[PDB]
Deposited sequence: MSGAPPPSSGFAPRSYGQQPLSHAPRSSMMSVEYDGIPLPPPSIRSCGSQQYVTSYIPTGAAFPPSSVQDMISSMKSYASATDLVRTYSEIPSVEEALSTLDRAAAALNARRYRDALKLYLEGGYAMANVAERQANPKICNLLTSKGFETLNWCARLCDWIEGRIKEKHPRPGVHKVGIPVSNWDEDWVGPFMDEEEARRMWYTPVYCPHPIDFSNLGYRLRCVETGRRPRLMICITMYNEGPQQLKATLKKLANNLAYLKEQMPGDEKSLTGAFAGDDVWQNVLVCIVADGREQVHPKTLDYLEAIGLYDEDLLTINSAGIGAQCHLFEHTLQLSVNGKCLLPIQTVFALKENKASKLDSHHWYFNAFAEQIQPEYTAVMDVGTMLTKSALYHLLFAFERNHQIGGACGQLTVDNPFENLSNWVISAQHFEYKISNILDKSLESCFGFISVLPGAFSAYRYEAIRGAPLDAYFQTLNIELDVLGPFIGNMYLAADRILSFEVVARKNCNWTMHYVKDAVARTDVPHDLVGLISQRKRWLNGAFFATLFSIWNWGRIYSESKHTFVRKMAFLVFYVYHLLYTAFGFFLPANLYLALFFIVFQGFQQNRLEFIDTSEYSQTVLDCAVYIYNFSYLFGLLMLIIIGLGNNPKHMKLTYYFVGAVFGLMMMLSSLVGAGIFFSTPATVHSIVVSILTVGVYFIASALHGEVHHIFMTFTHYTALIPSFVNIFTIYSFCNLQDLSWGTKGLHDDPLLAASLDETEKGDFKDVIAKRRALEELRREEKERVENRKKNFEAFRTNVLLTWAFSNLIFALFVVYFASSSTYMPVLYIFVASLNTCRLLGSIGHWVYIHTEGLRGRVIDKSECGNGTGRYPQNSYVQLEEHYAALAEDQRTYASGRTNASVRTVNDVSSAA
């Protein structure tokens, strides 16, 4: 018992030595007499020293404290606590006014002084509002924009004419507008509106987490397009006339760069923007202290110089949003605020890094002006430098896919005047067919939270460009059609690895599938509500039948691929149907061995792909995806060689040659007709080596991630705490419910798809022979490719004929 007593004695000796430890008993109900308390308070003199120290310390303010007080004032005004907001605003204004004297930098001194004066005036206005002498709804500090000289200006530059105010001053203003519809009601204006200019074309360049090189290339290409438009010959049949003429075209084009979040912008991108006079950190930090702005917009008529050539000036508005949001939110801000204020004629949308050729804008504007029935158009999407880096299989496969998709599908859809725009493409509309209901349908997701809509609507709007296209075509009391321009070439930079391709295709496939389902369900609105010609309605009905058949065939693609490969190759080897060899006798331990190996490999690969895709992100699993892709590619190459041998050994019956043409040679026929044939010759092998990887891997990973979507008393204090707890718990419960619904939806869809494919494959393998199934598949494929070839030929005839027959 010695150690216990020793440790207790040690604790007791450590007890001695607001001291370290005080034990007190508070008696309730006595409430104390107000005689000893006063003397006890007056009996302590260290309070005088503490007060002296605090008073001495609090004499000199600082910039950081002033900014923090202004931030707290902004929060308090957001919570509608006007007394505290007024007090904190007064404190911050006085602090900044005092601080501005000490700063050595003249720019900082001027900015601080101006901000202090603005804050004091706002305090006066808020005091007047509190008094009730001035009555207003939801007061806010007055809008104030600051123009400052650009830090770096090029002495040697050539231009048509530039006022010094426009040339050297960059303007800035932070905005609070929570609903971008009310942008022009709150008093915000742009430099173009102030100066009297009325641009007719607007371009939006969405940006998020990008290097300087992509933005620089995009701006250089846009400047080249403007230069080409300027040098357009006058008084010519092909030339454009009107606002887009020469020597004044640069005044009719405005470029909006809408960043997605100040916390995610690449620092080098910010440095490059500051170089061209479109960003300044000190101005943003000082002038946005008290406003609590949603986004800050800079304005400048930038001049760019490349080597010895001076590009034309570009009117640019850079809107940087404080918090991260979706790209649809950037389009919300752009469309609503800037289109409603400026009221343009055409509205073009592109991403960052899209490098246009010198004639893209000319062709788009020419189509829009000549046709006058076009409510929307989309240009051709291409891969930058396809011939270079030809050793990479992914790049060549993507190049072949882009070319074939553009030619066949875009031409066929554009013949009927209804286009499903590829995501990431460079598109354009006119701000007369998207004025009302189409934009409401576009932004319904932002207007209403996902909980009310559900998972189907969120997945549908994951790619909402097709929604806008359909709303344009099927608009009530209007007949707007779409068009595809072959000469508006825009070159992007596709991913060089399988994993980035997997993620990109995941987003693409989810959006496309659910947009297609929405279009199929709502196709009736074209007849019920729109007012087209009868011929147009009949053509739409024909295209609807074709669309139904094509989608139904596409849904059962993995099963058909497996059945075709299995039947042809492996039951030609096992049952001696390969025409260039006789496998009749053999060991008989090899005839079944090939089929067993093929079935086991296919099933194990599919199981592994499903397990990986439903689980970990496709970034750690690079090796496994590469291995599965390599196995499938080798299998497909072997199948292609065997099929070629079988075809060449056949005596080439008329039916065989006709089916071969209408099945495979449609690609080469269309490519030769449109003149883009060498790309097909170069990339056909690379695409063939990746067909099964495309189908299986991309569809499985896309379907496995359908849920991935974006002066009170004490009792007053107690009630406030309880209310906060209740709100927190209800918010957590709502989030859990949303997650539950999305997960259930994605699981149901994946199970339906996978089990439908498995049941189809089993019931065809067990109950059907190769002689009773392959002719049906050949007929189906030949029909689809014949329709696509007819559409492509029709588009070529239209593009080479309508110019002559424009009179009729």
Where the deposited sequence has no C-alpha coordinates (positions from 1, in order):
1-22, 40-48, 742-761, 860-913
